[PDB]
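Q: Heads up, the final residue of the sequence shown is numbered 303 in the authors' numbering, and it's a clean run with no missing numbers. For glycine and all other residues, C-beta sits at the position ideal for the given N, C-alpha and C. Quick one: this structure, given as structure tokens, is what I'll be asking you about.
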Amino acid sequence: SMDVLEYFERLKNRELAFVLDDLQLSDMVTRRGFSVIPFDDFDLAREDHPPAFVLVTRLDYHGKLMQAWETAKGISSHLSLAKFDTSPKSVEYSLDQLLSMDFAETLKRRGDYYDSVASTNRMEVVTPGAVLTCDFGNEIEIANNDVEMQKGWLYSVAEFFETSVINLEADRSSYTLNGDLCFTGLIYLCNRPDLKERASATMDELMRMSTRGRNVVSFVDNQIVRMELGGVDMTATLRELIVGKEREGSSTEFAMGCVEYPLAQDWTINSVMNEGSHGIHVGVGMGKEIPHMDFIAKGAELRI
Ligand SMILES: [Zn+2]
Ligand SMILES: [Zn+2]
Numbered sequence: 000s001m002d003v004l005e006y007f008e009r010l011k012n013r014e015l016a017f018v019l020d021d022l023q024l025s026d027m028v029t030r031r032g033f034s035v036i037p038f039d040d041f042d043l044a045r046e047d048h049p050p051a052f053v054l055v056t057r058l059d060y061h062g063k064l065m066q067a068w069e070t071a072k073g074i075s076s077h078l079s080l081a082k083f084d085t086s087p088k089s090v091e092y093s094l095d096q097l098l099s100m101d102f103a104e105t106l107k108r109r110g111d112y113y114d115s116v117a118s119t120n121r122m123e124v125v126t127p128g129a130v131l132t133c134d135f136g137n138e139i140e141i142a143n144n145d146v147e148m149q150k151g152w153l154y155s156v157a158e159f160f161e162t163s164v165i166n167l168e169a170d171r172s173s174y175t176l177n178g179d180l181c182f183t184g185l186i187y188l189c190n191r192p193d194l195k196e197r198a199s200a201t202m203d204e205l206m207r208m209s210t211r212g213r214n215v216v217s218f219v220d221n222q223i224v225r226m227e228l229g230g231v232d233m234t235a236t237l238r239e240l241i242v243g244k245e246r247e248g249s250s251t252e253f254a255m256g257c258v259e260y261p262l263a264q265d266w267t268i269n270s271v272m273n274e275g276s277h278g279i280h281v282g283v284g285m286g287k288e289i290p291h292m293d294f295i296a297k298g299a300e301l302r303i
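Structure (structure tokens):
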């Protein structure tokens with residue numbers, strides 16, 4: 000059972016089997032010094048298989064990987080970009096971001112942030128013109144927090160870049176949000192091709208707006224009640240895409256990014272890498288009938 004830092008040092012040193020699902024992306028990966036093997040040729044089931052990094056670009060392959068979880072018997076994480084933007088531009092950006100960052104530095108902030116959620120009942124997020132409060136319940140649901148990677152467990156890399164609390168069982172099974180959050184940009188995640196066809200165009204509009212000025216999201220009783228992007232109120236567009244669907248405005252994720260990205264971020268690119276941006280991000284939607292939006296505030300400071 001390999002240690003997480005042991006895993007990523009090998010990733011930095013190109014000592015991992017790079018499993019790839021779209022071979023048209025092979026040249027960009029091999030140009031970065033990795034030996035690539037197609038997805039359908041790597042035996043995740045064999046226990047002696049070498050420690051692997053899987054890049055899933057396609058939703059059908061994202062499903063094939065999920066089919067192999069209970070059968071997996073070795074060491075593997077995977078960067079799942081199938082549910083975000085899967086263009087070469089997004090893929091090159093995601094890999095450049097991952098391969099440039101300081102992993103050990105990221106994992107300790109992550110460890111420290113979990114040392115903060117467990118102890119405290121209240122968190123205050125201060126952004127330039129806003130303050131957000133988070134009241135953790137007595138029973139919080141969290142994303143996998145293993146620091147030594149277990150055998151047969153398919154780790155999503157992203158969960159190594161953030162400390163994430165989520166309201167999965169019910170609307171407020173873990174935490175409640177009241178107040179405002181001024182954020183930098185956003186990403187959005189869709190689990191189905193049906194949803195991605197409907198919302199992607201709109202969500203990309205919202206992302207580009209986020210570059211044009213003040214971004215602010217407001218919560219009352221853990222329900223999103225206002226969404227300002229580029230200094231303009233878009234709450235009407237928010238309601239059209241959440242009303243009458245799933246839990247509507249219920250916040251679904253409260254998480255803390257732990258990555259000091261050395262390379263410039265691009266907030267027009269819907270890549271999961273941006274969710275790990277050092278700071279705070281809030282989640283709305285489950286990616287089923289509403290895209291799971293993540294309003295990400297970078298330089299945000301925390302208060303207990
Ligand atoms: Zn998150
Ligand atoms: Zn999220």
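Alpha carbon to alpha carbon, what distance is there between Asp21 and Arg57?
A: Whole-angstrom Cα-Cα distance: 8 Å.
Q: Tell me the rounded alpha-carbon separation between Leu185 and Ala67.
A: For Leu185 and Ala67, the distance between alpha carbons rounds to 31 Å.
Q: If contacts are defined as beta-carbon pairs under 8 Å, then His280 and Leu188 qualify, I think. What distance do you get, rounded to the angstrom?
A: That belief does not hold up - the Cβ atoms of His280 and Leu188 are roughly 12 Å apart, past 8 Å.
Q: Could you check where the alpha helix (DSSP H) with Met226 kicks off and where it finishes?
A: Not the alpha helix (DSSP H): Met226 falls in the beta strand (DSSP E), residues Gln222 to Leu228.
Q: Looking only at DSSP bridge pairs, what is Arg302 linked to?
A: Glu123, per the DSSP bridge assignment.
Q: Pull every residue with its beta-carbon under 7 Å away from any heavy atom of ligand 2, and keep them in chain order.
A: Taking each Cβ in turn, the ones that pass are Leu188, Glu252, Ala254, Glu274, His280, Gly282, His291 and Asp293.
Q: Taking 6 Å as the cut-off, is the beta-carbon of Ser163 closer than that to any non-hydrogen atom of ligand 1?
A: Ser163: yes, Cβ under 6 Å from ligand 1.
Q: Ends of the beta strand (DSSP E) at residue 304?
A: Nothing about residue 304 can be read from this structure; the chain reaches only from 0 to 303.
Q: Nearest by alpha-carbon distance to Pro37: which of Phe135, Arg30 and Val55 is it?
A: With distances taken between Cα atoms, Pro37 lies closest to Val55.
Q: For the alpha helix (DSSP H) containing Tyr60, name the first residue and the last one.
A: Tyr60 -> alpha helix (DSSP H) spans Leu58 to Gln66.
Q: With 16 as the cutoff for other CB atoms within 10 Å, does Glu69 come out buried or exposed?
A: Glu69 is exposed by the Cβ-count criterion.
Q: Using a Cβ-Cβ cut-off of 6 Å (strictly less than) and excluding sequence neighbours within five positions of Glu247, which residues of its own chain qualify?
A: Taken in chain order, the residues that qualify are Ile241.
Q: Can you tell me whether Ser75 is helix, strand or coil according to DSSP?
A: Correct three-state label for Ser75: strand.
Q: Helix, strand or coil for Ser249? Go by DSSP, reduced to three states.
A: Three-state DSSP puts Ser249 in a strand.
Q: Three Cβ pairs or more, each shorter than 8 Å: is that satisfied between the region 126-144 and the region 27-42?
A: No, the region 126-144 is not in contact with the region 27-42.
Q: Straight-line CA distance for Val116 to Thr175?
A: Going from the Cα of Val116 to the Cα of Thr175 covers about 13 Å.
Q: Look at the alpha carbon of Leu64 and the alpha carbon of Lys72, and state the distance between them as a whole number of angstroms.
A: Looking at the two C-alpha atoms, the distance is approximately 13 Å.
Q: Reducing DSSP to helix, strand and coil, say where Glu259 ends up.
A: Coil, per DSSP.
Q: Could you give the C-beta distance for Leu19 and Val28, rounded to a whole number, given that I count them as a contact under 8 Å?
A: With a Cβ gap of about 6 Å, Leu19 and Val28 count as contacting.
Q: What are the start and end residues of the alpha helix (DSSP H) that includes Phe102?
A: Unbroken alpha helix (DSSP H) run through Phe102: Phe102 to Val116.
Q: Take every Cβ of the region 223-235, pair it with every Cβ of the region 142-153, and state whether three or more of those distances are shorter than 8 Å.
A: The region 223-235 vs the region 142-153: no contact.
Q: Considering only C-alpha positions, which residue in the set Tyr260, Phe182, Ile223 and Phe253 is nearest to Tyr113?
A: Checked all of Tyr260, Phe182, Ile223 and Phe253; the closest Cα to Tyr113 is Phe253.
Q: Using a Cβ-Cβ cut-off of 6 Å (strictly less than) and excluding sequence neighbours within five positions of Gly284, which residues of its own chain qualify?
A: The answer, listed in chain order, is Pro290, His291 and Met292.
Q: Determine the direct distance from the alpha carbon of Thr267 to that of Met202, and round the result to whole angstroms.
A: The alpha-carbon atoms of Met202 and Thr267 are separated by roughly 10 Å.
Q: Can you tell me the Cα-Cα spacing of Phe17 and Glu196, whole angstroms?
A: Looking at the two C-alpha atoms, the distance is approximately 30 Å.
Q: Given a threshold of 16 other Cβ atoms within 10 Å of its Cβ, counted over all protein chains shown, does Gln96 qualify as buried or as exposed?
A: Counting Cβ neighbours within 10 Å, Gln96 comes out buried, since at least 16 surround it.
Q: Taking all protein chains shown into account, do 16 or more other C-beta atoms lie within 10 angstroms of the C-beta of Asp84, making it buried, or fewer, making it exposed?
A: Buried, because 16 or more other Cβ atoms sit within 10 Å of the Cβ of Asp84.
Q: Using only the alpha-carbon positions, how far apart do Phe135 and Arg171 sit?
A: For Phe135 and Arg171, the distance between alpha carbons rounds to 9 Å.
Q: Between which two residues does the beta strand (DSSP E) containing residue 311 stretch?
A: For residue 311 there is no data in the structure shown, the boundaries of the chain being 0 and 303.
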